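> Per the authors' numbering, the very first residue in the sequence shown carries number 4; after that it's consecutive. First the structure, which I've put down as structure tokens, then a few questions once you've had a look.
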Amino acid sequence: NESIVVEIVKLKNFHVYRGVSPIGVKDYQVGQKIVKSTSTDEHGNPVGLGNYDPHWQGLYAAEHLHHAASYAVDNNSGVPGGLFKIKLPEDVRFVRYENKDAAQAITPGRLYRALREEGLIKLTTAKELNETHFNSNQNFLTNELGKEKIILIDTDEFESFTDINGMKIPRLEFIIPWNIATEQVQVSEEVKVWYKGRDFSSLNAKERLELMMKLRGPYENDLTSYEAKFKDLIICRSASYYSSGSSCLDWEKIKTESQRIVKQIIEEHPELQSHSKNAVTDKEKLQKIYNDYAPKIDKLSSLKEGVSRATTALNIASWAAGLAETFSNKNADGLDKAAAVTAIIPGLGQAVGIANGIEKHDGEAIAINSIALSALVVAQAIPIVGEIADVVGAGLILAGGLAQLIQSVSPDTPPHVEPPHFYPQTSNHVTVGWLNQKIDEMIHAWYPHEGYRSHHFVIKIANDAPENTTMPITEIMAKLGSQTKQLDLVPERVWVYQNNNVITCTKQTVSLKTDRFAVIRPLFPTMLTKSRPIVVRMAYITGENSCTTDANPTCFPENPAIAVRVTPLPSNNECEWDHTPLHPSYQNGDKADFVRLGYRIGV
């Protein structure tokens, strides 16, 4: 009856993983039962309970270690916390469900009806516990499931991308009710703890940022290593069901080799040891620098003779000359390392060549050759990046950032096909659209009852964009309610996914005049390519003020929308946040910094 597929799952691996924010590290002690967080934020909202809606509160665990590691940051500041392996009880029932209703998202009443129809609800009749109890908050979904000793396995409305061959790596999330978690779930291992401080809530906003700058380095390297270990085992090992015969590359070695070669070839030629006062912006001079040292980089990179370099003198020089224009109006004392790498994404695909894909023969040498050549020439065009605080050289930050960007899009594995989308909008060669016409474009604030709401949209390179277009995805905004109990963000459920990785993001609510809105920013530079589209889940809770109590009810926020920024964030903005792209008067276009995607909110 209820278009939901329900399956009882027998697990083979009972150890799952949980990323925690700095304030939640104290709740996870190895060898102890899990502690349900009693901490609250400044508004009184719980932190670490899985949702602001009690129906969906629980211990959310990821099957894969590298997915959970992406969650282990403080939402507002991005300070990394800790990562833990936890053991699930074997005496309970694991129930995977899948919504097959394209017109309606999952609700507590729908799920419990589907579970009753399969003979899974043992303790209550339909008269004792049905939708009327959930709609009146007399009973809550996950708490009732915990008494039934049920752990939910959930894929939501978007699981993972399918590649061009038709292969889809499964993504599983465990929703463990808190009564099961605190009584039967144990912390098996402390994988890694980054936050060593005392009372994170005592820190003010300033010193939270200082802590993040100290810890973002180690956390980035651990996360990348986790994702590289998963890719090697599941996607690269030929004996794995999900292998495609790909020639996977050692991207950590590629980074260190590219950085060593750039440093050596720069420190041996004073011509390449340029300062900001004698930067080279002429395309012709930059082409000669390419052609003078490309044969030397060929030998140092062990590139086989006859194997084509994925770069050309012309494209690298135009890209570098263009970056000199945009970097020209910037100061070194206020330029972030991550901002510099994000700023080289525009134009990167036309010049580097391996951002969209790399050949399966001599690939490791081609990658080192491309990154080393690109970093060498760009270092001459924008020498200001060598003056950033704590950079040892312009060529080293450019080579390291380039290798990091290219590794993130996995050019040595098959590309991903974007899901179909609805009501698309396009700006600056970037298209966004809702994943489901009826579920995502129209949010019902009060039916079945006020509470948790989420919708998905996809980010992709536009159809008519030039080949190899790469775009920086630097910010995601979402309209919120101007008054309380209308539309508030649920940052625990905001979710960004690219390739097979979760993109770590800060989430914060900002108030400008009478407007409230969410600001979601990836913690590390994020590059959109045709091979790696991006899916975003935006999550909210509605309330008793979401709509009016009159004959023709209007609902708030009015003119709801999300917006994706596709250009580097400005270094010259007085108020840091511009609410402009969320306003319905905003015009999507060829040169717009944002692409705005509106939706509707009714009863």
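We put the beta carbon where it would ideally sit given N, CA and C, even for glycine.
#1: Can you give me the Cβ contacts of residue 444 inside the same chain, cut-off strictly under 7 Å, excluding the 5 residues immediately before and after it?
#2: Express the C-alpha separation of residue 247 and residue 317 in angstroms, rounding to a whole number.
#3: Can you tell which of 165, 509, 17 and 161 has the C-alpha that lies nearest to the C-alpha of residue 92?
#4: Leaving out five residues before and five after residue 447 in sequence, what residues of the same chain have Cβ atoms less than 7 Å from its Cβ?
#5: Below 8 Å between beta carbons: does that hold for residue 398 and residue 269?
#6: Helix, strand or coil: how does DSSP classify residue 470 here?
#7: Tell me the DSSP bridge mates of residue 580?
#8: Could you tell me which of 322, 26, 370 and 273 sits nearest to residue 410, measuring between CA atoms?
#9: Is there contact here, the stretch 61 to 76 with the stretch 170 to 181, by at least three beta-carbon pairs under 8 Å?
#10: Cutting at 7 Å between CB atoms, please list the residues of its own chain near residue 494, excluding the five before and the five after it.
#11: Where does residue 419 fall in DSSP's three states?
#12: Could you pull the DSSP bridge partners for residue 21 from this structure?
#13: Please give the ranges of any alpha helix (DSSP H) in the stretch 117 to 187, keeping only runs that are unbroken, at least 4 residues long and fully inside the region.
#14: Locate the alpha helix (DSSP H) running through residue 284, then write down its first and last residues.
#15: In the DSSP assignment, the alpha helix (DSSP H) including residue 103 goes from what residue to what residue?
#16: Tell whether a beta-carbon distance below 8 Å holds between residue 532 and residue 412.
#17: Given a threshold of 16 other Cβ atoms within 10 Å of its Cβ, counted over all protein chains shown, does residue 570 qualify as buried or as exposed?
#18: Should residue 185 and residue 38 be called a contact, given that it needs their Cβ atoms to be closer than 8 Å?
#19: For the alpha helix (DSSP H) containing residue 399, name the first residue and the last one.
#20: First and last residue of the beta strand (DSSP E) that includes residue 605?
#21: Using a Cβ-Cβ cutoff of less than 8 Å, which residues in the same chain neighbour residue 548 once the five nearest sequence positions on both sides are dropped?
#22: Roughly how many angstroms lie between the CA atoms of residue 159 and residue 110, to the nearest whole one?
#23: Exposed or buried, what is residue 213 when buried is set at 16 or more other beta-carbons lying within 10 Å of its beta-carbon?
#24: What is the C-beta distance between residue 84 and residue 28, in whole angstroms, given that I count them as a contact (C-beta under 8 Å)?
#25: Using only alpha-carbon positions, find the residue among 372, 256 and 255 that is nearest to residue 300.
#26: Among 576, 566, 381 and 595, which has the Cα closest to the Cα of residue 586?
#27: Return the chain-ordered ranges of every beta strand (DSSP E) run that is complete within the stretch 436 to 524 and spans a minimum of 3 residues.
#28: Enumerate in chain order the residues of its own chain whose CB-to-CB distance from residue 192 is below 6 Å, with the five nearest sequence positions on each side excluded.
#29: My understanding is that residue 453 touches residue 568, with C-beta atoms under 8 Å, so please give their C-beta distance in whole angstroms.
#30: My output table needs one value for residue 64: the three-state DSSP class, helix, strand or coil.
#31: Can you tell me which of the three DSSP states residue 251 falls into?
#32: Tell me whether residue 429 sits in a helix, a strand or coil according to DSSP, three-state version.
#33: Could you pull the DSSP bridge partners for residue 564 from this structure?
#34: In angstroms with no decimal places, state the Cα-to-Cα distance between residue 228 and residue 156.
#35: Short of 6 Å in beta carbon distance, which residues of its chain neighbour residue 310, apart from the five on each side in sequence? Order them along the chain.
#36: Looking at the unbroken alpha helix (DSSP H) that takes in residue 319, where does it start and where does it end?
Here's the rundown:
#1: Translated into positions along the sequence shown, residue 444 becomes position 441. By the criterion of a C-beta distance shorter than 7 Å, residue 444 is surrounded in its chain by 425, 426, 437, 602 and 603, once the five residues flanking it on both sides are discounted.
#2: Taking the first residue of the sequence shown as position 1, residue 317 is located at position 314. Taking the first residue of the sequence shown as position 1, residue 247 is located at position 244. When rounded, the distance between both Cα atoms is 34 Å.
#3: Mapped onto the sequence shown, residue 92 falls at position 89. When the alpha-carbon of residue 92 is set against those of 165, 509, 17 and 161, the nearest one is in 17.
#4: The residue given as residue 447 occupies position 444 in the sequence shown. These residues qualify, in order along the chain: 605 and 606.
#5: By 1-based counting over the sequence shown, the position of residue 398 is 395. By 1-based counting over the sequence shown, the position of residue 269 is 266. In contact: residue 398 and residue 269 (Cβ atoms closer than 8 Å).
#6: Translated into the one-based positions of the sequence shown, residue 470 becomes position 467. Residue 470 falls in the coil class under three-state DSSP.
#7: Counted from its first residue, the sequence shown places residue 580 at position 577. According to DSSP, residue pairing for residue 580 in a beta bridge does not occur.
#8: Along the sequence shown, read from residue 1 onward, the residue named residue 410 stands at position 407. Residue 410 has its Cα closest to that of 370, out of 322, 26, 370 and 273.
#9: When Cβ pairs closer than 8 Å are counted between the two stretches, the stretch 61 to 76 is seen to touch the stretch 170 to 181, the count reaching three or more.
#10: For the purposes of this step, residue 494 is taken as residue 491 along the sequence shown, with counting starting at 1. Within the same chain, residue 494 has close Cβ partners 78 and 510.
#11: Here residue 419 corresponds to residue number 416 of the sequence shown, with the count starting at 1. For residue 419, the secondary structure class from DSSP, reduced to helix, strand or coil, is strand.
#12: Along the sequence shown, one-based indexing puts residue 21 at 18. Under DSSP, the beta-bridge partners assigned to residue 21 are 87.
#13: Qualifying alpha helix (DSSP H) stretches, in chain order: 134 to 138, 144 to 150 and 181 to 187.
#14: Counting from 1 along the sequence shown, the entry for residue 284 is found at position 281. Where residue 284 is concerned, there is no enclosing alpha helix (DSSP H), given that its DSSP letter is neither H nor E.
#15: Translated into positions along the sequence shown, residue 103 becomes position 100. Residue 103 -> no alpha helix (DSSP H), and no H or E assigned at all.
#16: Position 529 of the sequence shown, counted from the start, is the residue given in the question as residue 532. Position 409 of the sequence shown, counted from the start, is the residue given in the question as residue 412. In this structure, residue 412 lies closer than 8 Å to residue 532 by Cβ.
#17: Against the sequence shown, residue 570 aligns to sequence position 567. Counting Cβ neighbours within 10 Å, residue 570 comes out buried, since at least 16 surround it.
#18: By one-based count along the sequence shown, residue 185 stands at place 182. By one-based count along the sequence shown, residue 38 stands at place 35. Yes. Within cutoff.
#19: On the sequence shown, residue 399 is found 396 positions in, with the first residue counted as 1. In this chain, the alpha helix (DSSP H) harbouring residue 399 covers 397 to 411.
#20: By one-based count along the sequence shown, residue 605 stands at place 602. Counting along the chain, the beta strand (DSSP E) containing residue 605 begins and ends at 603 to 605.
#21: As a first step, residue 548 must be located in the sequence shown, where it is residue number 545. For residue 548, same chain residues with a beta-carbon under 8 Å away, outside a window of 5 residues either side, are 484, 486, 487, 488, 489 and 559 in chain order.
#22: Reading the sequence shown from its first residue, position 156 is the one you call residue 159. Reading the sequence shown from its first residue, position 107 is the one you call residue 110. If you take the alpha carbons of residue 159 and residue 110, they lie about 12 Å apart.
#23: Translated into the one-based positions of the sequence shown, residue 213 becomes position 210. Burial call: exposed.
#24: In the sequence shown, residue 84 corresponds to position 81, counting from 1. In the sequence shown, residue 28 corresponds to position 25, counting from 1. 5 Å between Cβ atoms; contact.
#25: In the sequence shown, counting from the first residue as 1, residue 300 sits at position 297. Residue 372 is the option with its Cα nearest to residue 300.
#26: Taking the sequence shown and counting its residues from 1, the one referred to as residue 586 is at position 583. Nearest option by C-alpha distance: 566.
#27: Taken in chain order, the complete beta strand (DSSP E) segments of 3 or more residues contained in the stretch 436 to 524 are 445 to 447, 455 to 464, 478 to 483, 490 to 492, 498 to 501 and 508 to 515.
#28: Taking the first residue of the sequence shown as position 1, residue 192 is located at position 189. Excluding sequence neighbours, residue 192 sits near 88.
#29: As a working mapping, residue 453 is identified with position 450 in the sequence shown. As a working mapping, residue 568 is identified with position 565 in the sequence shown. The pair is not a contact, with the Cβ atoms about 31 Å apart (cut-off 8 Å).
#30: As a position in the sequence shown, residue 64 is number 61, starting the count at 1. Correct three-state label for residue 64: strand.
#31: For the purposes of this step, residue 251 is identified with residue 248 of the sequence shown, where counting begins at 1. Note: residue 251 maps to coil in three-state DSSP.
#32: The residue you call residue 429 lines up with position 426 of the sequence shown. Secondary structure of residue 429 (DSSP, three-state): strand.
#33: Residue mapping note: residue 564 aligns to position 561 of the sequence shown, counting from 1. Paired residue(s): 601.
#34: Your numbering for residue 228 matches position 225 in the sequence shown. Your numbering for residue 156 matches position 153 in the sequence shown. Spanning the two alpha carbons is a distance of roughly 26 Å.
#35: Numbered from its first residue, the sequence shown carries residue 310 at position 307. These residues qualify, in order along the chain: 365.
#36: Mapped onto the sequence shown, residue 319 falls at position 316. 316 to 331 is the span of the alpha helix (DSSP H), which, as asked, contains residue 319.
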